[PDB]
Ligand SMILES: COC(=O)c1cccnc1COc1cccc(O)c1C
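Taking the form deposited without the ligand, here's one chain by itself in structure tokens.
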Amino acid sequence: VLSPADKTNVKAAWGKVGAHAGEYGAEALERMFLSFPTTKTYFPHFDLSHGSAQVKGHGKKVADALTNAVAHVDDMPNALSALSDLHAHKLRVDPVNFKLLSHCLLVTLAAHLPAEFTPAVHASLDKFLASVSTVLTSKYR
């Protein structure tokens, strides 16, 4: 459960991401693919090569959804209904993978937002990605 401090921390940090969220989305995917190659099993139809437009494109999509999540930090379940649906009934990504992308996203934020990636902020973003993960896998069964 995201505390008020957490919501603030998250909104702040994501605030700094700004026009780079798409690039950060793409970078987190690339880090995921290389560090946890089992994640590639869900993207057989993608060109997973460095700088691939499919990856860039997808990176944007993910980034955008996170934005929307930050914006509705108070009503995630509702802001992400459709996405929860898609993942539960179409994509059927195994739940273990959400933790992998979440980690690659922290690593990416850390590498890009040094001043802002304080221990307290690190803690909030983690919780946040965890909540988002919970929401996305809530209708699996």
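We number the residues from 1 along the sequence you see.
Just so it is clear, the following notes concern the form solved in complex with the ligand, a form of the same protein that is not shown.
Among heavy atoms of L113, none comes within 4.5 Å of the ligand in the bound PDB entry. Contact check for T134: a heavy atom falls within 4.5 Å of the ligand in the bound PDB entry. Although the partner is absent from this view, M76 contacts the ligand in the bound PDB entry, with a non-hydrogen atom inside 4.5 angstroms. With contact defined as any non-hydrogen atom lying within 4.5 angstroms of the ligand in the bound PDB entry, the contacting residues in 1-23 are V1, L2, given in sequence order.
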